[PDB]
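Listing of my_file_26.cif, mmCIF, C-alpha atoms and all ligand atoms; chains and numbers go by the auth columns
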data_entry
#
loop_
_atom_site.group_PDB
_atom_site.id
_atom_site.type_symbol
_atom_site.label_atom_id
_atom_site.label_comp_id
_atom_site.label_asym_id
_atom_site.label_seq_id
_atom_site.Cartn_x
_atom_site.Cartn_y
_atom_site.Cartn_z
_atom_site.B_iso_or_equiv
_atom_site.auth_seq_id
_atom_site.auth_asym_id
ATOM 1 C CA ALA A 1 -5.307 13.468 -7.836 0.00 1 J
ATOM 2 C CA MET A 2 -3.149 10.658 -9.293 0.00 2 J
ATOM 3 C CA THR A 3 -4.669 7.610 -11.009 0.00 3 J
ATOM 4 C CA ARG A 4 -3.781 4.234 -9.424 0.00 4 J
ATOM 5 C CA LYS A 5 -1.136 3.742 -12.206 0.00 5 J
ATOM 6 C CA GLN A 6 0.417 7.138 -11.357 0.00 6 J
ATOM 7 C CA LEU A 7 0.283 6.383 -7.592 0.00 7 J
ATOM 8 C CA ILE A 8 2.075 2.992 -8.156 0.00 8 J
ATOM 9 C CA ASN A 9 4.695 4.729 -10.340 0.00 9 J
ATOM 10 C CA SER A 10 5.296 7.249 -7.541 0.00 10 J
ATOM 11 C CA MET A 11 5.512 4.485 -4.901 0.00 11 J
ATOM 12 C CA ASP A 12 7.915 2.484 -7.102 0.00 12 J
ATOM 13 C CA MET A 13 10.171 5.519 -7.437 0.00 13 J
ATOM 14 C CA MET A 14 10.177 5.956 -3.634 0.00 14 J
ATOM 15 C CA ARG A 15 11.011 2.258 -3.119 0.00 15 J
ATOM 16 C CA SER A 16 13.894 2.597 -5.675 0.00 16 J
ATOM 17 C CA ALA A 17 15.369 5.522 -3.719 0.00 17 J
ATOM 18 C CA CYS A 18 14.981 4.060 -0.202 0.00 18 J
ATOM 19 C CA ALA A 19 15.397 0.288 -0.580 0.00 19 J
ATOM 20 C CA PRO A 20 19.142 0.381 -1.464 0.00 20 J
ATOM 21 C CA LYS A 21 19.901 1.906 1.967 0.00 21 J
ATOM 22 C CA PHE A 22 18.547 -1.131 3.854 0.00 22 J
ATOM 23 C CA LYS A 23 18.879 -4.942 3.805 0.00 23 J
ATOM 24 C CA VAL A 24 15.358 -5.374 2.458 0.00 24 J
ATOM 25 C CA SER A 25 14.452 -7.980 -0.198 0.00 25 J
ATOM 26 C CA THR A 26 11.751 -8.006 -2.848 0.00 26 J
ATOM 27 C CA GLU A 27 9.913 -10.609 -0.722 0.00 27 J
ATOM 28 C CA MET A 28 9.911 -8.266 2.286 0.00 28 J
ATOM 29 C CA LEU A 29 9.009 -5.183 0.200 0.00 29 J
ATOM 30 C CA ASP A 30 6.262 -6.872 -1.815 0.00 30 J
ATOM 31 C CA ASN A 31 4.806 -8.339 1.371 0.00 31 J
ATOM 32 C CA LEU A 32 4.879 -4.890 3.004 0.00 32 J
ATOM 33 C CA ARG A 33 3.039 -3.335 0.043 0.00 33 J
ATOM 34 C CA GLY A 34 0.556 -6.212 0.476 0.00 34 J
ATOM 35 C CA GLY A 35 0.021 -5.442 4.190 0.00 35 J
ATOM 36 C CA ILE A 36 2.350 -8.153 5.630 0.00 36 J
ATOM 37 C CA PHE A 37 4.975 -6.723 8.008 0.00 37 J
ATOM 38 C CA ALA A 38 8.217 -8.641 8.646 0.00 38 J
ATOM 39 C CA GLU A 39 9.616 -7.942 12.132 0.00 39 J
ATOM 40 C CA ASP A 40 12.993 -6.830 10.778 0.00 40 J
ATOM 41 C CA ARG A 41 14.787 -3.623 11.840 0.00 41 J
ATOM 42 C CA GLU A 42 15.958 -2.943 8.248 0.00 42 J
ATOM 43 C CA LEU A 43 12.303 -3.024 7.116 0.00 43 J
ATOM 44 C CA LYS A 44 11.261 -0.728 10.008 0.00 44 J
ATOM 45 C CA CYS A 45 13.851 1.858 9.026 0.00 45 J
ATOM 46 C CA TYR A 46 12.902 1.519 5.333 0.00 46 J
ATOM 47 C CA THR A 47 9.386 2.607 6.367 0.00 47 J
ATOM 48 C CA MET A 48 10.901 5.671 8.033 0.00 48 J
ATOM 49 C CA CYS A 49 12.915 6.496 4.884 0.00 49 J
ATOM 50 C CA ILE A 50 9.704 6.305 2.861 0.00 50 J
ATOM 51 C CA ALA A 51 7.771 8.437 5.382 0.00 51 J
ATOM 52 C CA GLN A 52 10.533 11.071 5.151 0.00 52 J
ATOM 53 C CA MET A 53 10.566 10.923 1.297 0.00 53 J
ATOM 54 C CA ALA A 54 6.728 11.312 1.303 0.00 54 J
ATOM 55 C CA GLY A 55 6.920 14.517 3.436 0.00 55 J
ATOM 56 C CA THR A 56 5.015 13.001 6.415 0.00 56 J
ATOM 57 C CA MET A 57 7.747 13.419 9.110 0.00 57 J
ATOM 58 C CA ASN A 58 8.921 16.318 11.320 0.00 58 J
ATOM 59 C CA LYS A 59 12.534 17.010 12.384 0.00 59 J
ATOM 60 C CA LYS A 60 11.874 15.629 15.917 0.00 60 J
ATOM 61 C CA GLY A 61 11.452 12.167 14.214 0.00 61 J
ATOM 62 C CA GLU A 62 7.631 12.043 14.681 0.00 62 J
ATOM 63 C CA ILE A 63 4.942 11.669 12.067 0.00 63 J
ATOM 64 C CA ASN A 64 3.265 14.974 11.237 0.00 64 J
ATOM 65 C CA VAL A 65 -0.396 13.841 11.045 0.00 65 J
ATOM 66 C CA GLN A 66 -1.575 17.286 9.702 0.00 66 J
ATOM 67 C CA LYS A 67 0.952 17.105 6.787 0.00 67 J
ATOM 68 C CA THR A 68 0.075 13.439 6.071 0.00 68 J
ATOM 69 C CA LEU A 69 -3.685 14.292 5.814 0.00 69 J
ATOM 70 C CA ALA A 70 -2.808 17.106 3.318 0.00 70 J
ATOM 71 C CA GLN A 71 -0.735 14.711 1.136 0.00 71 J
ATOM 72 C CA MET A 72 -3.729 12.243 0.965 0.00 72 J
ATOM 73 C CA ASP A 73 -5.863 15.105 -0.452 0.00 73 J
ATOM 74 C CA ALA A 74 -3.166 16.129 -2.999 0.00 74 J
ATOM 75 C CA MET A 75 -2.071 12.669 -4.182 0.00 75 J
ATOM 76 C CA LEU A 76 -4.455 9.734 -3.593 0.00 76 J
ATOM 77 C CA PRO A 77 -7.150 8.736 -6.084 0.00 77 J
ATOM 78 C CA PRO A 78 -10.375 10.156 -4.505 0.00 78 J
ATOM 79 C CA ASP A 79 -11.754 6.603 -3.828 0.00 79 J
ATOM 80 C CA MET A 80 -8.670 5.917 -1.578 0.00 80 J
ATOM 81 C CA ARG A 81 -8.826 9.435 0.101 0.00 81 J
ATOM 82 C CA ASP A 82 -11.627 9.537 2.812 0.00 82 J
ATOM 83 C CA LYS A 83 -10.596 5.940 3.737 0.00 83 J
ATOM 84 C CA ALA A 84 -6.888 6.861 4.048 0.00 84 J
ATOM 85 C CA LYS A 85 -7.711 9.982 6.110 0.00 85 J
ATOM 86 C CA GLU A 86 -10.075 8.037 8.394 0.00 86 J
ATOM 87 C CA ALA A 87 -7.334 5.380 8.851 0.00 87 J
ATOM 88 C CA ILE A 88 -4.723 8.071 9.661 0.00 88 J
ATOM 89 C CA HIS A 89 -7.012 9.657 12.284 0.00 89 J
ATOM 90 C CA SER A 90 -7.754 6.204 13.807 0.00 90 J
ATOM 91 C CA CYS A 91 -4.011 5.439 14.039 0.00 91 J
ATOM 92 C CA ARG A 92 -2.707 8.822 15.310 0.00 92 J
ATOM 93 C CA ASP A 93 -2.164 7.439 18.951 0.00 93 J
ATOM 94 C CA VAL A 94 0.223 4.623 17.760 0.00 94 J
ATOM 95 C CA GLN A 95 3.469 6.599 17.364 0.00 95 J
ATOM 96 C CA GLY A 96 3.318 7.928 20.956 0.00 96 J
ATOM 97 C CA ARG A 97 3.864 4.336 22.199 0.00 97 J
ATOM 98 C CA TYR A 98 7.373 4.069 20.612 0.00 98 J
ATOM 99 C CA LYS A 99 10.599 5.999 21.398 0.00 99 J
ATOM 100 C CA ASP A 100 12.384 4.913 18.196 0.00 100 J
ATOM 101 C CA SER A 101 11.305 6.698 14.988 0.00 101 J
ATOM 102 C CA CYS A 102 11.533 3.503 12.814 0.00 102 J
ATOM 103 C CA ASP A 103 9.138 1.756 15.282 0.00 103 J
ATOM 104 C CA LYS A 104 6.855 4.835 15.091 0.00 104 J
ATOM 105 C CA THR A 105 6.597 4.656 11.285 0.00 105 J
ATOM 106 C CA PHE A 106 6.483 0.835 11.047 0.00 106 J
ATOM 107 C CA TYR A 107 3.744 0.346 13.672 0.00 107 J
ATOM 108 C CA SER A 108 1.779 3.392 12.441 0.00 108 J
ATOM 109 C CA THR A 109 1.861 1.898 8.903 0.00 109 J
ATOM 110 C CA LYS A 110 0.791 -1.505 10.240 0.00 110 J
ATOM 111 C CA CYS A 111 -2.184 0.191 11.925 0.00 111 J
ATOM 112 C CA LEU A 112 -3.194 1.736 8.584 0.00 112 J
ATOM 113 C CA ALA A 113 -3.024 -1.701 6.920 0.00 113 J
ATOM 114 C CA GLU A 114 -5.131 -3.329 9.648 0.00 114 J
ATOM 115 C CA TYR A 115 -7.728 -0.537 9.350 0.00 115 J
ATOM 116 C CA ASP A 116 -8.618 -1.652 5.799 0.00 116 J
ATOM 117 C CA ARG A 117 -6.383 -4.190 4.089 0.00 117 J
ATOM 118 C CA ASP A 118 -8.253 -3.895 0.773 0.00 118 J
ATOM 119 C CA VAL A 119 -7.312 -0.223 0.248 0.00 119 J
ATOM 120 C CA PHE A 120 -3.876 -0.249 1.980 0.00 120 J
ATOM 121 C CA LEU A 121 -0.777 0.173 -0.180 0.00 121 J
ATOM 122 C CA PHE A 122 2.814 1.129 0.754 0.00 122 J
ATOM 123 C CA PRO A 123 5.844 1.888 -1.403 0.00 123 J
HETATM 124 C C1 LIG B . -1.053 8.337 11.351 0.00 201 J
HETATM 125 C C2 LIG B . -0.078 7.829 10.324 0.00 201 J
HETATM 126 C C3 LIG B . 0.075 6.477 10.100 0.00 201 J
HETATM 127 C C4 LIG B . 0.998 6.011 9.198 0.00 201 J
HETATM 128 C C5 LIG B . 1.769 6.885 8.430 0.00 201 J
HETATM 129 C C6 LIG B . 2.779 6.358 7.436 0.00 201 J
HETATM 130 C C7 LIG B . 2.753 7.066 6.077 0.00 201 J
HETATM 131 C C8 LIG B . 4.182 6.388 8.030 0.00 201 J
HETATM 132 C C9 LIG B . 1.618 8.259 8.649 0.00 201 J
HETATM 133 O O1 LIG B . 2.404 9.139 7.956 0.00 201 J
HETATM 134 C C10 LIG B . 0.696 8.711 9.578 0.00 201 J
HETATM 135 NA NA NA B . -13.353 4.896 7.129 0.00 202 J
HETATM 136 NA NA NA B . 0.050 11.539 16.577 0.00 203 J
#
Mind turning the file's structure into structure tokens?
Amino acid sequence: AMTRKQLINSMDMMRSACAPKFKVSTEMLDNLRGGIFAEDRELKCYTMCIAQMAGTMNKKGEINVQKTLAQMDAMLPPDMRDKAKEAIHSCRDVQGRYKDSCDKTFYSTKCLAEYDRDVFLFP
């Protein structure tokens, strides 16, 4: 798996690719990585860009939970891995409550953060 340094490098590269497409500021992005979610459409659709980048989405605009679980195994430092997978399973009902794909990814991500704020990170 990656080390935390490697995981941050990977997340930084994803932020660098996605952030320019949206009106998202360092304050908003740093807060989001810290588990604080601005109610801002540009930030919602940034989360969807990241989810796509990360290979977690399907072409219907839903989160593929199976694929996400497999990425946690591949990528996350072991210590983050059971906790991330347990959070994903706990949060798998959230996306069904939202028609819009940027709501699905934003509110699903917020559910992961609320599950365990100490381990949560986001690009
Ligand atoms: C269940 C669930 C929750 C959150 C995410 C973000 C990475 C968007 C997922 O991919 C899957
Ligand atoms: Na857990
Ligand atoms: Na689901």
* To do: Check what the PyMOL selection byres (((chain J and resi 86) around 12) and not hetatm) selects in the file above and give those residues as a PyMOL selection string.
  => chain J and resi 65+68-69+72+80-85+87-92+111-112+115-116+119
* To do: Name the residues, by chain letter and number, that sit within 8 Å of ligand NA 203 (chain J) using only C-alpha atoms and all ligand atoms, and give them as a ChimeraX atom specification.
  => /J:62-65,91-96
* Care to translate the PyMOL selection byres (((chain J and resi 33) around 7) and not hetatm) into actual residues of this file, as a PyMOL selection string? -> chain J and resi 29-32+34-35+121-123
* Can you tell me, as JSON, numbers by chain, what residues are no more than 12 Å from residue 8 (chain J) when counting all atoms listed in the file, ignoring any on the same chain fewer than 4 positions away? -> {"J": [2, 3, 4, 12, 13, 14, 15, 33, 75, 76, 77, 121, 122, 123]}
Could you tell me which residues the PyMOL selection byres (((chain J and resi 23) around 12) and not hetatm) returns for this structure, as a compact mmCIF listing (two decimals) with C-alpha atoms, keeping the file's coordinate frame?
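This went into result-v6.txt:
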# COMPACT_ATOMS: atom_id res chain seq x y z
CA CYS J 18 14.98 4.06 -0.20
CA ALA J 19 15.40 0.29 -0.58
CA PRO J 20 19.14 0.38 -1.46
CA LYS J 21 19.90 1.91 1.97
CA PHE J 22 18.55 -1.13 3.85
CA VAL J 24 15.36 -5.37 2.46
CA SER J 25 14.45 -7.98 -0.20
CA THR J 26 11.75 -8.01 -2.85
CA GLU J 27 9.91 -10.61 -0.72
CA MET J 28 9.91 -8.27 2.29
CA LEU J 29 9.01 -5.18 0.20
CA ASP J 40 12.99 -6.83 10.78
CA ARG J 41 14.79 -3.62 11.84
CA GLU J 42 15.96 -2.94 8.25
CA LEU J 43 12.30 -3.02 7.12
CA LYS J 44 11.26 -0.73 10.01
CA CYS J 45 13.85 1.86 9.03
CA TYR J 46 12.90 1.52 5.33
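One finds CA of residue 74 (chain J) at 16.4 Å from atom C8 of ligand LIG 201 (chain J).
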* How far is it from CA of residue 38 (chain J) to CA of residue 67 (chain J), in Å with one decimal? ->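 Separating CA of residue 38 (chain J) from CA of residue 67 (chain J) is a distance of 26.8 Å.
We find CA of residue 57 (chain J) and atom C3 of ligand LIG 201 (chain J) to be spaced 10.4 Å apart.
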* Asked: Nearest to ligand NA 202 (chain J): which of J:97, J:110, J:60, J:117 is it, counting only C-alpha atoms and all ligand atoms?
  ->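 Looking at the shortest contact to ligand NA 202 (chain J), the residue is J:117.
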* To do: Go through J:102, J:79, J:50, J:109 one by one, measure the shortest atom-to-atom distance of each to ligand NA 202 (chain J) using all atoms listed in the file, and give the residue with the smallest value.
  => J:79
Taking every listed atom of ligand LIG 201 (chain J) and adding 4 Å to each side, what centre and edge lengths in Å (one decimal) does the axis-aligned box have, as lines of an AutoDock Vina configuration file?
center_x = 1.6
center_y = 7.6
center_z = 8.7
size_x = 13.2
size_y = 11.1
size_z = 13.3
* So which one's closest to ligand LIG 201 (chain J), J:7, J:51, J:17, J:70? Using all atoms listed in the file, please. ->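 Ranked by minimum distance to ligand LIG 201 (chain J), first place goes to J:51.
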Could you give me region 46-60 of chain J completed to N, CA, C and O atoms, formatted as a PDB file, in the coordinates of the input?
ATOM      1  N   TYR J  46      13.386   1.220   6.701  1.00  0.00           N
ATOM      2  CA  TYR J  46      12.902   1.519   5.333  1.00  0.00           C
ATOM      3  C   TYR J  46      11.576   2.265   5.430  1.00  0.00           C
ATOM      4  O   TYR J  46      11.427   3.264   4.665  1.00  0.00           O
ATOM      5  N   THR J  47      10.669   1.856   6.314  1.00  0.00           N
ATOM      6  CA  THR J  47       9.386   2.607   6.367  1.00  0.00           C
ATOM      7  C   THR J  47       9.608   4.054   6.762  1.00  0.00           C
ATOM      8  O   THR J  47       8.860   4.952   6.333  1.00  0.00           O
ATOM      9  N   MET J  48      10.611   4.298   7.606  1.00  0.00           N
ATOM     10  CA  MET J  48      10.901   5.671   8.033  1.00  0.00           C
ATOM     11  C   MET J  48      11.507   6.453   6.872  1.00  0.00           C
ATOM     12  O   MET J  48      11.157   7.630   6.654  1.00  0.00           O
ATOM     13  N   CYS J  49      12.389   5.853   6.098  1.00  0.00           N
ATOM     14  CA  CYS J  49      12.915   6.496   4.884  1.00  0.00           C
ATOM     15  C   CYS J  49      11.784   6.896   3.960  1.00  0.00           C
ATOM     16  O   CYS J  49      11.793   8.000   3.388  1.00  0.00           O
ATOM     17  N   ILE J  50      10.843   5.996   3.742  1.00  0.00           N
ATOM     18  CA  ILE J  50       9.704   6.305   2.861  1.00  0.00           C
ATOM     19  C   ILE J  50       8.882   7.445   3.463  1.00  0.00           C
ATOM     20  O   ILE J  50       8.551   8.377   2.699  1.00  0.00           O
ATOM     21  N   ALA J  51       8.592   7.400   4.737  1.00  0.00           N
ATOM     22  CA  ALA J  51       7.771   8.437   5.382  1.00  0.00           C
ATOM     23  C   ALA J  51       8.477   9.764   5.182  1.00  0.00           C
ATOM     24  O   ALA J  51       7.771  10.801   4.895  1.00  0.00           O
ATOM     25  N   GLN J  52       9.778   9.814   5.336  1.00  0.00           N
ATOM     26  CA  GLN J  52      10.533  11.071   5.151  1.00  0.00           C
ATOM     27  C   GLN J  52      10.348  11.515   3.705  1.00  0.00           C
ATOM     28  O   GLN J  52       9.954  12.676   3.469  1.00  0.00           O
ATOM     29  N   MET J  53      10.693  10.648   2.751  1.00  0.00           N
ATOM     30  CA  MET J  53      10.566  10.923   1.297  1.00  0.00           C
ATOM     31  C   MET J  53       9.217  11.578   1.023  1.00  0.00           C
ATOM     32  O   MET J  53       9.201  12.595   0.268  1.00  0.00           O
ATOM     33  N   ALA J  54       8.150  11.031   1.617  1.00  0.00           N
ATOM     34  CA  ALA J  54       6.728  11.312   1.303  1.00  0.00           C
ATOM     35  C   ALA J  54       6.310  12.618   1.979  1.00  0.00           C
ATOM     36  O   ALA J  54       5.138  13.006   1.754  1.00  0.00           O
ATOM     37  N   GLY J  55       7.190  13.212   2.794  1.00  0.00           N
ATOM     38  CA  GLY J  55       6.920  14.517   3.436  1.00  0.00           C
ATOM     39  C   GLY J  55       5.940  14.373   4.592  1.00  0.00           C
ATOM     40  O   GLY J  55       5.157  15.321   4.866  1.00  0.00           O
ATOM     41  N   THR J  56       6.000  13.277   5.337  1.00  0.00           N
ATOM     42  CA  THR J  56       5.015  13.001   6.415  1.00  0.00           C
ATOM     43  C   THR J  56       5.655  13.192   7.787  1.00  0.00           C
ATOM     44  O   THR J  56       4.925  13.062   8.750  1.00  0.00           O
ATOM     45  N   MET J  57       6.966  13.379   7.854  1.00  0.00           N
ATOM     46  CA  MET J  57       7.747  13.419   9.110  1.00  0.00           C
ATOM     47  C   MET J  57       8.017  14.881   9.507  1.00  0.00           C
ATOM     48  O   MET J  57       7.881  15.801   8.647  1.00  0.00           O
ATOM     49  N   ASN J  58       8.329  15.067  10.790  1.00  0.00           N
ATOM     50  CA  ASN J  58       8.921  16.318  11.320  1.00  0.00           C
ATOM     51  C   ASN J  58      10.362  16.042  11.758  1.00  0.00           C
ATOM     52  O   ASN J  58      10.881  14.918  11.775  1.00  0.00           O
ATOM     53  N   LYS J  59      11.085  17.104  12.121  1.00  0.00           N
ATOM     54  CA  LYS J  59      12.534  17.010  12.384  1.00  0.00           C
ATOM     55  C   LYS J  59      12.769  16.434  13.777  1.00  0.00           C
ATOM     56  O   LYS J  59      13.899  15.975  14.038  1.00  0.00           O
ATOM     57  N   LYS J  60      11.744  16.319  14.613  1.00  0.00           N
ATOM     58  CA  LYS J  60      11.874  15.629  15.917  1.00  0.00           C
ATOM     59  C   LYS J  60      11.844  14.106  15.702  1.00  0.00           C
ATOM     60  O   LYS J  60      12.100  13.394  16.689  1.00  0.00           O
TER      61      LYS J  60
END
